[PDB]
Amino acid sequence: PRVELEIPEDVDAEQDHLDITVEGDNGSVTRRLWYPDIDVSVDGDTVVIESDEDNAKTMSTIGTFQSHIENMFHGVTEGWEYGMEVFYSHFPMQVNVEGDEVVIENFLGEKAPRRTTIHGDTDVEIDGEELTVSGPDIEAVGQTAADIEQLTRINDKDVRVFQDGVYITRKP
Amino acid sequence: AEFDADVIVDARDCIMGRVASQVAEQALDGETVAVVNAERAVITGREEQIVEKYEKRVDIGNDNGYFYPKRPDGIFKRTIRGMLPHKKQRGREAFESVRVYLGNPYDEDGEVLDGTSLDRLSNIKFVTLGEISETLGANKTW
Amino acid sequence: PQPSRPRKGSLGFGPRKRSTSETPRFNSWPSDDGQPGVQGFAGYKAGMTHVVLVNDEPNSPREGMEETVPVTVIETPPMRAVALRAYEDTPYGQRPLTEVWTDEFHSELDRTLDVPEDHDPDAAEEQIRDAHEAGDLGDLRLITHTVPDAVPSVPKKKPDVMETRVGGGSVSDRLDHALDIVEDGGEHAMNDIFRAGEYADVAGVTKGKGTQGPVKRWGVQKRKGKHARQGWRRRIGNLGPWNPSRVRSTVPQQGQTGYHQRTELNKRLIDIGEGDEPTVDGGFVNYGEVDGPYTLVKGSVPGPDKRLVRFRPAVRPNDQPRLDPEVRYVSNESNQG
Amino acid sequence: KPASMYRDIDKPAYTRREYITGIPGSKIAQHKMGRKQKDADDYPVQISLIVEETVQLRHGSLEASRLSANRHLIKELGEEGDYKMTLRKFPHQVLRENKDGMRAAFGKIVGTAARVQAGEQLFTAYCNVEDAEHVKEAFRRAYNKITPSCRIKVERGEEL
Amino acid sequence: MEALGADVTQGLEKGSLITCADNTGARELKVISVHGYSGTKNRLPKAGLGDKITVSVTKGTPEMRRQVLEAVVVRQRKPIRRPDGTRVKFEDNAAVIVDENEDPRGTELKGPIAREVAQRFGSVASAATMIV
RNA sequence: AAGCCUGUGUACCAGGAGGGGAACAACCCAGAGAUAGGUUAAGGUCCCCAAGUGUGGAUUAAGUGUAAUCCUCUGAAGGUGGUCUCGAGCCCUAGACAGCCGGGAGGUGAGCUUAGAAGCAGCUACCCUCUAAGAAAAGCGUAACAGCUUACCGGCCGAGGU
RNA sequence: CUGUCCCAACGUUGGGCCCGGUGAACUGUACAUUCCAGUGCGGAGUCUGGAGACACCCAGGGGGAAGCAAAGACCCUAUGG
RNA sequence: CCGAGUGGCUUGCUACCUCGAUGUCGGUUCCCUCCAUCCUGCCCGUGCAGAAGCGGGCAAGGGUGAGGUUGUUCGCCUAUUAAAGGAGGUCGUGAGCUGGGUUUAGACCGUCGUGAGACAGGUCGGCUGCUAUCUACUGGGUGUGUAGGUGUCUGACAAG
RNA sequence: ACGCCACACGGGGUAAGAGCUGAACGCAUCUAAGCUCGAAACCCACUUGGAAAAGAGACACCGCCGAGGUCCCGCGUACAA
Ligand SMILES: CC[C@H]1OC(=O)[C@H](C)[C@@H](O[C@H]2C[C@@](C)(OC)[C@@H](O)[C@H](C)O2)[C@H](C)[C@@H](O[C@@H]2O[C@H](C)C[C@H](N(C)C)[C@H]2O)[C@](C)(O)C[C@@H](C)CN(C)[C@H](C)[C@@H](O)[C@]1(C)O
Ligand SMILES: [Cl-]
Ligand SMILES: [Cl-]
Ligand SMILES: [Cl-]
Ligand SMILES: [Cl-]
Ligand SMILES: [Cl-]
Ligand SMILES: [Cl-]
Ligand SMILES: [Cl-]
Ligand SMILES: [K+]
Ligand SMILES: [Mg+2]
Ligand SMILES: [Mg+2]
Ligand SMILES: [Mg+2]
Ligand SMILES: [Mg+2]
Ligand SMILES: [Mg+2]
Ligand SMILES: [Mg+2]
Ligand SMILES: [Mg+2]
Ligand SMILES: [Mg+2]
Ligand SMILES: [Mg+2]
Ligand SMILES: [Mg+2]
Ligand SMILES: [Mg+2]
Ligand SMILES: [Mg+2]
Ligand SMILES: [Mg+2]
Ligand SMILES: [Mg+2]
Ligand SMILES: [Mg+2]
Ligand SMILES: [Mg+2]
Ligand SMILES: [Mg+2]
Ligand SMILES: [Mg+2]
Ligand code: NA
Ligand code: NA
Ligand code: NA
Ligand code: NA
Ligand code: NA
Ligand code: NA
Ligand code: NA
Ligand code: NA
Ligand code: NA
Ligand code: NA
Ligand code: NA
Ligand code: NA
Ligand code: NA
Ligand code: NA
Ligand code: NA
Ligand code: NA
Ligand code: NA
Ligand code: NA
Ligand SMILES: [Sr+2]
Ligand SMILES: [Sr+2]
Ligand SMILES: [Sr+2]
Ligand SMILES: [Sr+2]
Ligand SMILES: [Sr+2]
Ligand SMILES: [Sr+2]
Ligand SMILES: [Sr+2]
Ligand SMILES: [Sr+2]
Ligand SMILES: [Sr+2]
Ligand SMILES: [Sr+2]
Ligand SMILES: [Sr+2]
Ligand SMILES: [Sr+2]
Ligand SMILES: [Sr+2]
Ligand SMILES: [Sr+2]
Ligand SMILES: [Sr+2]
Ligand SMILES: [Sr+2]
Ligand SMILES: [Sr+2]
Ligand SMILES: [Sr+2]
Ligand SMILES: [Sr+2]
Ligand SMILES: [Sr+2]
Ligand SMILES: [Sr+2]
Ligand SMILES: [Sr+2]
Ligand SMILES: [Sr+2]
Ligand SMILES: [Sr+2]
């Protein structure tokens with residue numbers, strides 16, 4: 001099979017070997033698209049994903065590569081953003097960005113600061129009880145958002161009563 | 001330290017077992033063989049089960065001993081030994097006229113033996129000898 | 001149902017054989033951080049005493065109070081880095097590339113080595129720098145030796161030679177740092193490397209006890225009660241089960257005990273001085289009188305009096321350093337009595 | 001006692017009651033279920049449970065499977081739902097157990113079983129197109145209580 | 001437990017008979033167990049100055065005899081080492097009966113107590129006539 | 001149940017070599033004077049190891065498997081949108097399947113029961129208007145309302161879907 | 001009451017170890033540097049597959065040689081005592 | 001309930017191996033192992049507020065102890081404990097120990113027998129050989145190989 | 001020894017598990033390719049042995065008519081020979 005993705009005018013995509021790079025006004029993203037017998041190439045104004053095989057496993061990856069590339073198109077132009085709300089009940093939670101990692105202090109009254117490093121060129125902006133994670137690589141951004149929510153995970157006690165933590169409010 | 005090899009084989013991206021099989025045959029026919037870029041030789045399959053097999057070989061042993069190599073260096077050398085009657089005169093002579101190297105210490109580039117090369121564009125389930133050695137705990141000296 | 005019980009002795013210090021070199025050989029070095037510097041030193045064990053110290057630990061309820069502490073006195077005269085050996089990184093690990101020697105040699109270094117009469121320091125140095133350009137230079141170390149002659153209590157004059165790694169800033173800088181030391185005469189002291197209050201790892205060849213049985217050597221029980229009168233007193237029950245039909249090397253058996261190399265971790269240096277402040281009245285038993293450069297190590301040190309011991313900056317410290325501890329008293333009371 | 005002991009047909013047929021005494025009663029409560037006053041022809045759908053391997057099924061298993069199947073039909077169609085089910089096999093084969101070692105080993109009588117050849121109908125139910133999926137569910141529960149793997153086959157019925 | 005501020009060589013074992021240094025009515029106490037202790041094969045469980053032990057009353061008033069109670073070791077003959085190096089030893093082995101909250105069951109303590117025990121059990125110490 | 005016990009017919013071991021089966025009384029080839037050349041049998045042809053890294057085609061991703069027979073080689077009932085292949089029925093460019101947007105309206109909060117019950121406690125009935133649709137309501141939700149959606153209709157999309 | 005034990009230590013005498021002299025016995029189908037598995041009359045240093053293995057010598061405690069020692073004293077059998 | 005299995009710890013069955021002998025039970029001492037996990041680590045569910053639990057998953061690194069009766073294994077009981085898990089190694093281990101039980105020769109009691117005497121009943125007493133040839137391992141030497149010496153190292157592997 | 005001293009942290013990769021991106025199947029989906037995490041367990045770290053590693057190693061200096069070694073002698077930080 002073969003699928004043709006016309007690259008946006010705002011964007012220009014180059015590719016060597018199994019690596020594809022996508023650059024736009026919002027940045028650039030490089031990925032590796034390696035799977036048996038699937039050739040990904042840049043044919044002038046379009047990206048081509050093709051293979052001589054058409055079995056379920058091959059069709060699966062082809063459809064997967066497409067979305068990965070379309071997501072890259074969207075990332076280098078409009079960008080990707082996740083919104084988060086920091087909710088707490090008894091202990092005022094302090095969420096700050098320090099260096100290349102977001103730190104959370106006084107979670108549930110804990111003396112030790114919980115933290116996590118930010119993935120890639122992802123940007124985390126905090127304004128009160130609202131957080132916004134954004135960047136060109138949906139992979140990196142999506143993880144950073146998730147990691148922040150995971151950062152306040154609690155297994156010891158009943159989550160229904162202890163609901164403190166930062167949650168994903170808006171998904172792109 | 002210098003090895004007058006009548007043949008220099010490049011294992012890069014080549015199926016270890018298939019190369020070994022041919023290198024054994026040649027050493028038994030009087031050829032002095034040198035396998036190069038061992039760290040880049042490859043073996044097909046699911047990495048997790050492959051590693052389990054080689055890890056088991058490391059754990060096995062006792063006082064008598066079962067010394068199994070961890071470096072891609074010896075893994076390949078041992079693979080070859082298993083295809084030679086190394087305890088017989090003729091067999092030990094052949095095995096001893098075969099050496100494996102990390103990278104290529106020669107000026108010539110090795111040759112690729114027919115039917116031993118693997119196509120990375122058609123295969124995703126395979127592993128590198130070097131990757132196995134790192135997993136085994138070897139000190140990446142290559 | 002036969003209660004559980006840990007085995008007798010550790011399986012990590014074997015085989016329990018006589019050591020090859022009476023001079024200890026570190027098998028690991030500190031990490032490269034601060035400025036370049038020799039990562040070790042050596043001295044000769046003299047004996048023990050105790051010192052009264054002011055509790056240093058900031059987390060101790062006794063902080064600031066008098067505290068008695070055991071101390072092993074080690075004579076640490078100046079040593080001499082006589083050469084700079086360079087290692088190159090190869091597919092088979094590290095290998096010595098070349099060495100840069102000097103001209104100034106101790107009058108009796110020829111009791112152990114065939115001292116150099118003709119050498120080319122720059123030729124060697126050049127080969128090293130070319131290697132560094134190529135990016136094949138492995139760590140850098142100094143050939144070092146002691147001056148037993150400076151220690152009256154030790155009968156030997158024949159110097160003990162060991163190699164000590166040099167760690168530091170950039171390789172270029174520590175390389176230069178090394179060459180400087182050597183060129184001079186190599187003469188350096190405990191001061192140059194250690195400061196009282198830091199933690200050092202001490203290595204040494206333990207006291208020898210010749211052949212000893214399983215009880216003493218491995219810590220197995222003696223026969224008990226009625227069993228102790230039947231003809232067996234200090235022999236283990238059996239050498240193993242019916243199967244496997246062989247004796248495993250893990251069963252505690254007789255053999256050489258002592259005179260093994262040991263590396264004791266995190267030994268606190270209580271004080272580095274010089275003179276005779278630590279000497280005991282009557283003299284250290286089986287040793288003599290201390291009156292020169294010395295070091296006070298907290299606690300015990302492997303080896304008998306007179307043996308060579310090696311110091312190294314702790315490679316795995318647990319506590320932060322509390323420099324120059326206040327020593328309010330050093331006992332000089334006779335050790336005979 | 002495990003069925004492994006009696007599931008195979010590795011012994012002569014042993015059914016002659018004129019030469020066998022003290023045979024335990026059957027645990028099978030009924031062979032005709034549902035509305036036994038009605039005919040099988042009065043139904044559009046007819047589904048049978050077919051045994052895929054030749055075997056012996058102890059009366060204890062027949063009852064357990066017959067039970068778990070009809071018990072489901074009751075729960076889903078009511079104690080009088082419009083359906084009828086039949087267990088067509090009867091446990092004729094008498095079973096022994098040797099419970100002195102191998103001396104005079106001929107076993108004492110301990111039970112009865114039915115011999116079923118592969119491809120035979122053990123159970124056959126008749127229902128309306130609506131209750132077709134309910135009878136299929138009763139059989140699924142039934143074949144989980146007899147030794148062999150089975151096929152739930154729809155004989156009279158094509159509303160698919 | 002809270003550090004003692006002194007090194008101890010346990011001088012007692014399971015089964016040892018010791019003095020009950022109080023006015024509870026129990027004169028002799030038999031050591032049965034050591035709170036928080038876990039030994040090793042063949043090792044007779046040991047207790048020393050400062051430990052909380054379970055005990056049975058061997059000698060004393062009828063009401064007290066045969067009772068299984070908790071207690072605190074206050075004195076022992078085997079030496080203990082203090083921070084300044086000096087060793088400290090007593091004339092006998094003694095313990096004081098205690099309740100769930102570690103308060104002495106009796107009203108008065110007989111004989112001297114070790115200062116180290118005071119650190120651990122304050123209410124016990126604040127009943128001591130002498131503290132050495 | 002047994003490498004169990006006890007029959008029966010037969011071939012074999014015993015008393016049967018040699019070839020094969022890793023080894024191995026009775027499994028396969030094979031019944032054998034000596035010596036010599038040749039061709040096969042069982043079995044095998046990537047190396048160890050004589051002969052193929054043989055050809056056309058397909059499947060498998062688990063190292064499944066590379067294990068005729070067997071005390072010896074396990075693998076079961078039950079389950080599987082892992083994947084490949086074949087058949088039947090129905091829907092679909094008069095636009096299907098799914099997703100997204102929009103609409104989801106009135107008589108009337110049906111009657112009854114009830115202080116109240118207004119799709120949704122229970123009982124009965126389950127009717128007709130506007131219209132391109134829209135139940136006397138399929139599932140949550142409320143003290144009861146509210147609220148959120150399923151059915152149902154319209155658009156966007158565009159090719160197979162079930 | 002105590003080293004029976006916790007829990008072992010040091011010491012004493014005679015051996016043990018090295019040297020001169022004296023100088024046996026048990027045991028021996030052969031071969032034999034083995035180890036892990038397998039196989040086999042079902043409990044192999046010797047068969048099969050691998051692994052390991054440079055030779056000789058000293059001291060040791062006894063895991064294996066289904067170790068050495070005695071034609072099983074249990075059990076059954078004998079037209080035995 | 002019924003149905004399907006895995007293990008080879010119990011018991012039973014069989015009679016293949018040894019009757020010109022493969023030393024018993026229990027205990028002890030010393031070594032290795034298995035996981036069907038008692039504790040410890042990391043997790044999932046809860047009839048999960050918390051605390052304390054109950055159930056389940058990965059997981060064998062380490063730990064799993066001291067005592068009273070009994071020859072006991074097993075088991076009962078006590079106080080401690082994070083917990084005081086189970087099993088294999090000729091039911092590991094007598095050319096290592098012990099010798100309390102079973103099971104010689106002495107004796108008593110009960111039951112049986114005309115009796116000698118018997119008991120899958122109880123009870124008191126009642127023996128533990130050998131100088132290691134080979135192999136195995138723990139430690140110590142002498143030689144040869146690598147191919148003049150001194151000193152310093154490297155690290156394939158190996159152990160925890 | 002009954003006395004005294006010392007015996008990590010941290011990295012890397014995983015299991016169960018928590019997730020991200022994501023298709024087969026326009027949706028959904030932690031999984032099919034890819035990825036972020038995550039056990040006292042695995043690897044590294046750390047300690048001990050280790051030129052007989054038969055690819056039997058490296059470096060520096062001394063020496064081949066003399067470097068060095070053995071015997072001898074006085075002794076032990078060593079030791080049954
Ligand atoms: C103290 C010295 C004596 O030594 C003994 O008494 C031993 C402890 C004795 O042992 C004693 C003591 C004891 C407890 O066994 C250790 C007992 O069961 C036997 C019967 O007698 C041995 C082990 C017996 O040999 C054993 O004979 C058993 C019947 C079978 C067993 N093996 C094969 C299972 C076997 O080793 C044996 C039958 O005596 C061996 C026979 C070859 C030679 N004897 C006759 C000699 C002359 C001995 O008398 C002796 C050397 O003078
Ligand atoms: Cl090994
Ligand atoms: Cl061979
Ligand atoms: Cl692949
Ligand atoms: Cl003992
Ligand atoms: Cl206790
Ligand atoms: Cl014939
Ligand atoms: Cl494999
Ligand atoms: K016998
Ligand atoms: Mg809780
Ligand atoms: Mg003294
Ligand atoms: Mg004094
Ligand atoms: Mg005990
Ligand atoms: Mg015959
Ligand atoms: Mg060939
Ligand atoms: Mg397989
Ligand atoms: Mg006989
Ligand atoms: Mg008899
Ligand atoms: Mg024997
Ligand atoms: Mg498990
Ligand atoms: Mg273990
Ligand atoms: Mg046994
Ligand atoms: Mg034995
Ligand atoms: Mg014996
Ligand atoms: Mg003996
Ligand atoms: Mg008795
Ligand atoms: Mg008796
Ligand atoms: Na492979
Ligand atoms: Na190994
Ligand atoms: Na004796
Ligand atoms: Na034995
Ligand atoms: Na009978
Ligand atoms: Na014949
Ligand atoms: Na054969
Ligand atoms: Na396989
Ligand atoms: Na004594
Ligand atoms: Na032996
Ligand atoms: Na079974
Ligand atoms: Na025993
Ligand atoms: Na464990
Ligand atoms: Na008991
Ligand atoms: Na045995
Ligand atoms: Na015994
Ligand atoms: Na004995
Ligand atoms: Na980790
Ligand atoms: Sr070939
Ligand atoms: Sr050294
Ligand atoms: Sr080392
Ligand atoms: Sr004895
Ligand atoms: Sr054996
Ligand atoms: Sr039969
Ligand atoms: Sr079934
Ligand atoms: Sr081929
Ligand atoms: Sr083909
Ligand atoms: Sr068998
Ligand atoms: Sr089979
Ligand atoms: Sr199945
Ligand atoms: Sr001996
Ligand atoms: Sr497991
Ligand atoms: Sr747990
Ligand atoms: Sr038993
Ligand atoms: Sr009992
Ligand atoms: Sr045991
Ligand atoms: Sr006895
Ligand atoms: Sr009895
Ligand atoms: Sr009796
Ligand atoms: Sr030779
Ligand atoms: Sr996962
Ligand atoms: Sr060498």
Side-chain angles (χ1 to χ4, degrees), chain A residues 35 56-57 59-61 63-64 67 138-139 142-143 146-147 150 153 155 158 161, chain B residues 18 21 24-25 45-46 49 62-67 83-85 99 115 124-125 137, chain C residues 3-4 10-15 17 28 70 85 93-99 112-114 116 119 143 161 163 208 210-211 222-223 225-227 230 232 235-243 245-256 259 263-267 298-300 304 306-307 316 318, chain D residues 3 60-61 64-65 101-102 144-147 149, chain E residues 9 13-14 32-34 37-41 43-45 54:
Chain A
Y35 195 84
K57 282 186 180 176
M59 298 316 282
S60 294
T61 306
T64 284
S67 291
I138 190 174
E139 285 275 289
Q143 255 309 314
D147 289 318
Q150 288 294 87
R153 173 186 175 183
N155 318 304
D158 185 323
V161 175
Chain B
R18 289 171 186 284
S21 170
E25 173 71 303
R46 177 186 152 232
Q49 84 94 336
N62 42 36
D63 290 312
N64 187 272
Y66 194 90
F67 153 75
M83 290 171 201
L84 295 176
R99 292 189 192 174
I124 241 177
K125 293 188 78 165
Chain C
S4 294
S10 165
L11 254 15
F13 302 74
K17 47 168 291 175
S28 190
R85 165 177 287 166
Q94 305 194 308
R95 297 195 180 184
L97 208 181
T98 30
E99 292 158 39
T112 318
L113 317 165
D114 285 314
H119 177 56
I143 307 296
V161 185
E163 187 174 305
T211 58
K222 298 205 311 179
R223 294 272 172 135
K226 181 165 286 178
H227 305 305
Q230 311 314 303
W232 293 255
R235 300 176 178 183
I236 70 176
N238 63 270
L239 299 169
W242 193 311
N243 276 293
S245 299
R246 56 192 174 81
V247 172
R248 260 191 265 258
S249 58
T250 54
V251 305
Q253 297 194 63
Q254 159 258 60
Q256 241 295 313
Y259 201 72
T263 294
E264 220 97 5
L265 275 38
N266 304 332
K267 291 295 185 179
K298 178 175 179 186
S300 48
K306 293 187 178 186
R307 205 189 285 319
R316 50 178 291 186
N318 283 315
Chain D
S61 282
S65 71
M102 282 307 294
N144 265 300
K145 294 194 169 174
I146 53 173
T147 304
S149 298
Chain E
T9 294
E13 306 196 317
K14 181 177 179 79
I32 297 181
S33 295
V34 182
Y37 182 79
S38 180
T40 190
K41 185 180 180 181
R43 182 166 292 171
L44 317 194
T54 288

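Protein chains get the first letters and strands the later ones, always in sequence-line order, with residue 1 at the start of each. In what follows, every heavy atom counts, from backbone to side chain, and hydrogens, waters and symmetry copies are set aside.
- Using a 4.0 Å heavy-atom distance criterion, C:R235 is classed as a sugar-phosphate-only contact.
- The side chain of C:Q230 contributes no N or O atom lying less than 4.0 Å from OP1 or OP2 of H:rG96.
- Of the candidates I:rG22, H:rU29, G:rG64, G:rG64 carries the atom nearest the C:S245 side chain, counting heavy atoms from C-beta on.
- Nucleotide H:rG115: unpaired (no Watson-Crick or G-U wobble partner with both distances less than 3.5 Å).
- Across all strands, C:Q94 comes closer than 4.0 Å only to sugar-phosphate atoms, never to a base (heavy-atom distances).
- The partner of F:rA68 is absent, by the rule that a Watson-Crick or G-U pair needs both atom distances under 3.5 Å.
- Within 4.0 Å of C:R246, counting heavy atoms only, lies at least one base atom of the nucleic acid.
- Here C:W232 lies in heavy-atom contact (under 4.0 Å) with sugar-phosphate atoms only.
- Distance OG1/E:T54 to OH/E:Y37: 15.0 Å, rounded to 0.5 Å.
- Its glycosidic angle being within 90° of 0, F:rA133 falls on the syn side.
- Side-chain nitrogen and oxygen atoms of E:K41 include at least one within less than 4.0 Å of the OP1 or OP2 phosphate oxygen of H:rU29.
- Within 4.0 Å (heavy atoms only), E:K14 reaches at least one base atom of the nucleic acid.
- Here F:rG119 is in the syn range [glycosidic angle within 90° of 0].
- Here C:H227 does not reach the OP1 or OP2 of H:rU28: none of its side-chain N or O atoms lies under 4.0 Å away.
- Residue A:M59 is in sugar-phosphate contact alone, with no base atom involved, counting any heavy-atom pair closer than 4.0 Å across all strands shown.
- Proximity of C:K17 to the phosphate of I:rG50: a side-chain N or O atom is located under 4.0 Å from OP1 or OP2.
- Within 3.5 Å, no donor on the side chain of C:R316 pairs with an acceptor on the base of I:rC46, nor the reverse.
- Residue-level contact check: A:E139 touches the bases, meaning some heavy atom is under 4.0 Å from a base atom.
- The side chain of C:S10 contributes no N or O atom lying less than 4.0 Å from OP1 or OP2 of I:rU47.
- Among the atoms of the strands shown, none is found under 4.0 Å from any heavy atom of D:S65.
- Side chain of A:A146, nearest nucleotide from I:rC20, H:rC32, H:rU14: I:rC20.
- When the side-chain nitrogen and oxygen atoms of C:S28 are compared with OP1 and OP2 of I:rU47, one or more of them lie within a distance under 4.0 Å.
- Because its glycosidic torsion is within 90° of 0, H:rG94 is reported here as syn.
- Of the side-chain N and O atoms in C:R223, none sit less than 4.0 angstrom from OP1 or OP2 of H:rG96.
- Among the protein residues, C:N266 comes within range of the sugar-phosphate backbone only, with heavy atoms under 4.0 Å from sugar or phosphate atoms but none that close to a base.
- With F:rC48, G:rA9, G:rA66 as the choices, the nucleotide that has an atom nearest any side-chain atom of C:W242 turns out to be G:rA66.
- On the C1' atoms, F:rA25 is 32 Å away from F:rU39, given to the nearest whole Å.
- Contact between the side-chain N/O atoms of C:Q253 and the OP1/OP2 oxygens of G:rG62 is not found at any separation under 4.0 Å.
- Taking side-chain N and O atoms only, C:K226 has a distance below 4.0 Å to OP1 or OP2 of H:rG99.
- If you check every strand for non-hydrogen atoms under 4.0 Å, C:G210 touches sugar and phosphate atoms only.
- Across H:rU152, H:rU28, H:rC31, the shortest atom-to-atom separation from the side chain of C:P3 is found for H:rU28.
- On a pure distance criterion of 3.5 Å, no polar donor-acceptor pair joins the side chain of D:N144 and the base of F:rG78.
- Nucleotide H:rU152 forms a Watson-Crick or G-U wobble pair with I:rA58, both donor-acceptor distances falling under 3.5 Å.
- Distances shown here put a side-chain N or O of A:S67 below 4.0 Å from the OP1 or OP2 atom of I:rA23.
- Between the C1' atoms of F:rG95 and F:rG158, the separation comes to 8 Å (whole Å).
- Comparing the same atom, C1', in F:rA32 and in F:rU60 gives a spacing of 48 Å after rounding to whole Å.
- Using a 4.0 Å heavy-atom criterion, one finds that B:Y66 contacts the sugar-phosphate atoms exclusively.
- Listed nucleotides: H:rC44, H:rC97, G:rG50. Nearest to the side chain of A:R153: H:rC44.
- Side-chain N/O atoms of C:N243 include one lying less than 4.0 angstrom from OP1 or OP2 on H:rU90.
- When each of I:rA78, H:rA79, I:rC5 is scored by its nearest atom to the side-chain atoms of E:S33, the top-ranked nucleotide is H:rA79.
- The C1' atoms of F:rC97 and F:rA121 are separated by 40 Å, rounded to the nearest whole Å.
- B:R99 comes within 4.0 angstrom of a nucleotide base, judged by non-hydrogen atoms across all strands.
- Looking at heavy-atom distances under 4.0 Å, E:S38 makes contact with a base.
- Within 4.0 Å of A:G63, counting heavy atoms only, lie sugar-phosphate atoms of the nucleic acid but no base atom.
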